[PDB]
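What the coordinates show
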Amino acid sequence: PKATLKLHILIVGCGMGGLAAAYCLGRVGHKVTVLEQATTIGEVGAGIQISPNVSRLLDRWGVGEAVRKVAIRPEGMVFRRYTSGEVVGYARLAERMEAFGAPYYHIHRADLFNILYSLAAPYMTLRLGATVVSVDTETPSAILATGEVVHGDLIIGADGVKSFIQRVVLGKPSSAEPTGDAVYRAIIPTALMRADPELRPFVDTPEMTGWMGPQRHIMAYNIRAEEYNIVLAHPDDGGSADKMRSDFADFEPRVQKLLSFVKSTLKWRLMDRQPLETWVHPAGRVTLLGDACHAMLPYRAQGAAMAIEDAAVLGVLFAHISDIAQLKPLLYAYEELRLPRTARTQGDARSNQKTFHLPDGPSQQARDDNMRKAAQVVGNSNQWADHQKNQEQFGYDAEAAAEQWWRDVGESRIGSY
Amino acid sequence: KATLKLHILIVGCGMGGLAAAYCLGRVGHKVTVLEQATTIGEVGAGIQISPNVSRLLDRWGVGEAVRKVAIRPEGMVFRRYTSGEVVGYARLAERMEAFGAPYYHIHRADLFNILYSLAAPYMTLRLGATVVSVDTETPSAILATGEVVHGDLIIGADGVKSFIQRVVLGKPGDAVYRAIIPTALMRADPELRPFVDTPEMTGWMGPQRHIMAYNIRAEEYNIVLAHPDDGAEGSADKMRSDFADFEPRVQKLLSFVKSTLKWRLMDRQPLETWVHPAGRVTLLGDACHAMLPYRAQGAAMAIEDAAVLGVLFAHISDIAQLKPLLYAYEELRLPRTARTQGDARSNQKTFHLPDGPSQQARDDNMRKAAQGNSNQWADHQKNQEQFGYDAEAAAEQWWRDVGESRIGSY
Ligand SMILES: Cc1cc2nc3c(=O)[nH]c(=O)nc-3n(C[C@H](O)[C@H](O)[C@H](O)COP(=O)(O)OP(=O)(O)OC[C@H]3O[C@@H](n4cnc5c(N)ncnc54)[C@H](O)[C@@H]3O)c2cc1C
Ligand SMILES: Cc1cc2nc3c(=O)[nH]c(=O)nc-3n(C[C@H](O)[C@H](O)[C@H](O)COP(=O)(O)OP(=O)(O)OC[C@H]3O[C@@H](n4cnc5c(N)ncnc54)[C@H](O)[C@@H]3O)c2cc1C
Ligand SMILES: [Cl-]
Ligand SMILES: [Cl-]
């Protein structure tokens, strides 16, 4: 599976999107340069959830063992009432998720980044301290803040929620905007939890726990043997750990204990964007991936999934390029394959903002009832207990989708050019 | 309360008998229970009590007592025999409380005592009273001593080897080991402690055999091992030998068993009728729908049987209505119990598959919680049908729709 025509591909951004794109495109014969503005690389000190649609790909790419060594395999997702901790919903993870062909893991962002870096490294010329400030959309070329011109055949903006390349693609200022929500992000020692009989079960029976309250919710889960991840969503108004404790003072007693263990916290503002009208610059030499085109509320835990899926689709499509005339149509095929899914996913995250943050009242009572009975789509419910939603999200195979597309459509539409 | 107060003879003081005595007594009928044993009580074993049952116990005012002694399991977990690999999960806990009452694990004796407390003020219990013959016309039950006991109606709650069933009908390969082990021994082993600390119904499935196990009290873990009966206190040695191929955690659990009850399981096709044609004798519980215990609903069906009898017989005002009421009882109960017996049969097959295509397909169905060859308790429809059922509501619905005008015409 190699491309007849080898491109020089410029990837702006060395987050997880960038890494995965460098691996996926490099391994099919393309030359890859990654231009990163920061003078270091790595992920922040926090947990991430990786669903089967992602871990299917990690397994396929030969890093399943590394994932398995560091990551935690939760048994279930448990939703609880803020004041008491009363369980109002369960969605089975574990073998219920493995039925889609790979596990549902909880992992430290740094461990995941390091694993992706191990795949990308031989495929990418990484340039750090390289801030793209302009683009020649015709050639194309990426122009650094120093004035250095970097020539290639194609530019991928994997440059995140403050993407410059999004601005290039749309030909004007354009941004993800604040949502009115922020999170505190914290890791605490599992050792402190194991020492308390009420908190030990949260370590010894790994689950994704969600406490839902008026305008606020907490998600918490083990991410390494020594570390438990906590994320607290709350109204953004503009003693960091102190203000967090204060903001969640009405949550149940076990929550108060967990928060008493937090020494410090990242404050993080949550951005969101309406879906873009296009991911392709009209001249057909620049496109986007990851948060640069589908930044979403994190309440569906699929943003990195979508970035990595985006990369996997690019890899499959661009293994088939044999002529420069096919480049622009391939970018539109990428957009066609990815825009609807990512937009739906952004949508489900927005639905969960509402569901998770309901004030006490009729809606909240109905939500809790739906969650107890695991209501099926055949202030709403537990998406992860819905078999159809699970099939659509977690049963998806990015590589298979793009190959199916090539066979059915791409071959006859692009394949002769 | 009933306009016409009957004298009702109940043969058997197992759980069916007790529930019938309570349900019939409280609506005005006089009740005599004839039990052949000179004591009453239950065997040393666990039972699972589903929402269809615990809804009724709650309604009858013993919910707090039940809650005090019961364990509330989180889930039901099915595992492969060789490895212990989890191949299926069905959520219990709040998933089951969505049907209006909890799914409990409880010691048979604790449940029996609670039923006894309900029935006791309503019944005259006669122990050492073995019914050996019946006058189906009068009717009367005649004891082994020759004493004749008169009443208006006889209910056979006299178990799997019911004599009254033989009266009513007018004509003449699996076993389990049952054990309890101390939770202390499990708590002491880091591999086994989770089974105590996270209460589940665990089922290990293998060729021709399966094990079910669950906590029933603070100190006690219930274990039941189904296996081919080649045809009673059993040998714990033979049990261990029969399950020597099961996963190492199971070997540990069985190494803790000091003794075992050996118990033969009988499965019966549904009866053609539960009413003697003269309309003075009927059946309840294992006396009419003894099933393989693989669906954990035998006592549920007996208690439901009783609850429907109570509702129907609150309405009797004339002796002419008695026979039609027994047929109404049968009409309301026979199809559900037969379906239930059927689900237990289907589980025999599912649980006992040899390794092969079927077993692989079963495991796939169980992982994904297919909505047979799967985990019935993870199926929403089957759950609604079995556990969402309210015996008293069904019978009142029936009264409103049909019974008032149909039994009104006697
Ligand atoms: C609280 C929270 C929880 C989340 N939980 C989950 C979850 O459980 N599961 C999940 O799948 N996703 C999750 N996500 C989403 C996930 O974090 C992101 O979608 C993903 O990390 C985005 O990766 P990316 O590579 O597109 O962007 P980024 O990680 O933003 O990387 C972009 C990179 O581009 C560089 N760059 C920017 N501009 C320039 C420029 N002009 N020149 C050069 N380089 C530039 C940046 O410096 C950065 O290194 C979560 C997000 C949040 C905030
Ligand atoms: C291994 C196993 C596990 C089970 N697990 C479950 C479970 O999880 N959930 C569930 O709901 N059910 C379960 N069951 C089923 C349940 O135990 C039975 O369905 C129920 O106990 C039957 O009650 P009964 O009162 O109809 O009959 P029995 O309990 O058999 O009582 C009949 C009584 O009548 C007496 N008697 C008999 N003949 C006469 C006579 N001629 N005169 C007077 N008295 C007489 C007997 O001595 C006895 O006392 C299980 C059964 C088994 C074997
Ligand atoms: Cl996300
Ligand atoms: Cl049973």
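Residues numbered from 1 in each chain as written, not as in the entry; some residues may be left out. Chains lettered and ligands numbered in written order. Heavy atoms only, no water.

The name given to chain B in the PDB entry is FAD-binding domain-containing protein, with Gelatoporia subvermispora as the source organism. UniProt annotates chain B under Sequence similarities (unreviewed entry) with the comment "Belongs to the paxM FAD-dependent monooxygenase family." (UniProt positions renumbered as here; feature names shortened; annotations may be inferred.)

In the annotation of the PDB entry, chain A is listed under the name FAD-binding domain-containing protein and assigned to Gelatoporia subvermispora. Its UniProt record gives chain A the following Sequence similarities (unreviewed entry) comment, quoted word for word: "Belongs to the paxM FAD-dependent monooxygenase family."

What follows covers the side chain of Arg333(B). Residues and elements named next belong to chain B. Assignment of secondary structure puts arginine 333 in helix α13 (residues 322–351). Polar contacts involving the side chain of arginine 333 include one to the main-chain carbonyl oxygen of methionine 301, which spans 3.1 Å. A distance of 2.7 Å separates polar atoms of two side chains, one belonging to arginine 333 and the other to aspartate 305. Each residue touching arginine 333, except ones within four places of it in the same chain, is listed here: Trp274, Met301, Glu304, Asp305, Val308 and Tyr389. (Helix = DSSP H or I, 4+ residues; strand = E, 2+ residues; numbered from the N terminus. Polar contact = N/O pair within 3.5 Å; in protein donor to acceptor, adjacent residues only side chain to side chain. Contact = heavy atoms within 4.5 Å.)

Attention now goes to the nonpolar core. Ranked by size, the top nonpolar core spans 85 residues in total, and within it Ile10(B), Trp60(B), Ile164(B), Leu284(B), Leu312(B) and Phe313(B) carry the most contacts. In terms of residues, this core owes the most to one element, helix α12 (residues 298–312) of chain B, which gives 11 residues. With residues up to four places along the chain from it excluded, the contact list for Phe313(B) reads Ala2(B), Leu6(B), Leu24(B), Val27(B), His29(B), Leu153(B), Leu322(B), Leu325(B) and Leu326(B). Formed by 84 residues, the second largest nonpolar core is a distinct cluster that contains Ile48(A), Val286(A), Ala304(A) and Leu314(A). (Core = buried A, V, L, I, M, F, W, Y, C linked by side-chain atoms within 4.5 Å. Buried < 20%, exposed > 50% of the residue type's maximum accessible area, 1.4 Å probe, protein only.)

The next subject is the interface of chain B and chain A. Counting from both sides, the interface comprises 14 residues of chain B and, opposite them, 14 residues of chain A. Overall, the association of chain B and chain A removes approximately 1200 Å² of surface from exposure, summing both partners, and the carbon and sulfur fraction of that is 57%. Taken as a group, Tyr89(B), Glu94(B) and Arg95(B) account for 40% of the area that chain B buries against chain A, more than any other trio of residues on that side. Counting every contact that joins chain B to chain A gives zero salt bridges. The interface formed by chain B and chain A holds four residue pairs in polar contact in total. Put simply, the parts of the chain that give the side of chain B that touches chain A at least two residues each are β5 (86–91), α4 (93–97) and α14 (357–368) of chain B. Among the elements that line the side of chain B that touches chain A, the one with the most residues is β5(B), at five residues. (Buried area = accessible area lost by both parts, 1.4 Å probe. Salt bridge = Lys/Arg side-chain N within 4 Å of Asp/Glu carboxyl O.)

Moving on, we get to the site of ligand 2. All names here are of chain B. Not every one of the 29 residues close to ligand 2 is listed here, only the nearest: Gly16, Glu35, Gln48, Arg108 and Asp286. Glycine 16 places a main-chain nitrogen or oxygen 2.8 Å from an oxygen atom of ligand 2. Here an oxygen atom of ligand 2 sits 3.1 Å away from a polar atom, N or O, in the main chain of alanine 300. The protein chains hide 84% of the 1000 Å² of surface that ligand 2 would expose on its own. Elements supplying a minimum of two residues to the shell around ligand 2: α1 (15–25), β3 (46–49) and α12. Split by residue class, the shell around ligand 2 holds 13 nonpolar, 11 polar and five charged. (Near = heavy atom within 4 Å. Areas by Shrake-Rupley, 256 points an atom, 1.4 Å probe, with all protein chains shown as cover. Nonpolar A, V, L, I, M, F, W, Y, C, P; charged D, E, K, R; others polar.)

Now for the site of ligand 1. Residues and elements named next belong to chain A. Close contacts around ligand 1 come from 28 residues, with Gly17, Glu36, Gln49, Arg109 and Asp291 the closest. Separating an oxygen atom of ligand 1 from a backbone N or O atom of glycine 17 is a distance of 2.9 Å. Contributions of two or more residues to the shell around ligand 1 are made by α1 (16–26), β3 (47–50) and α12 (303–317). By residue number, the principal contributor to the shell around ligand 1 is α12, which donates three residues.

Tallied over the entire structure, the rule returns 20 aromatic pairs over all chains. Taken together, a centroid distance of 6.1 Å and an interplanar angle of 85 degrees make the contact between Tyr104(A) and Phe394(A) edge-to-face. With a centroid separation of 5.9 Å and 40 degrees between ring planes, the pair formed by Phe195(B) and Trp204(B) is classed as tilted. Note on accessibility: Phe195(B) and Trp204(B) belong to one class, buried. Among the aromatic residues, those joined into a cluster by ring pairs are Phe79(A), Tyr299(A), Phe356(A) and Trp384(A). Between the NZ or CZ atom of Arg92(A) and the centre of the ring of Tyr89(B), over which it lies, the distance is 4.1 Å. (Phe/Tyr/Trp six-rings, centres within 6.5 Å; stacked < 30°, edge-to-face > 60°. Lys NZ or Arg CZ within 6 Å of the ring centre and 35° of its normal.)

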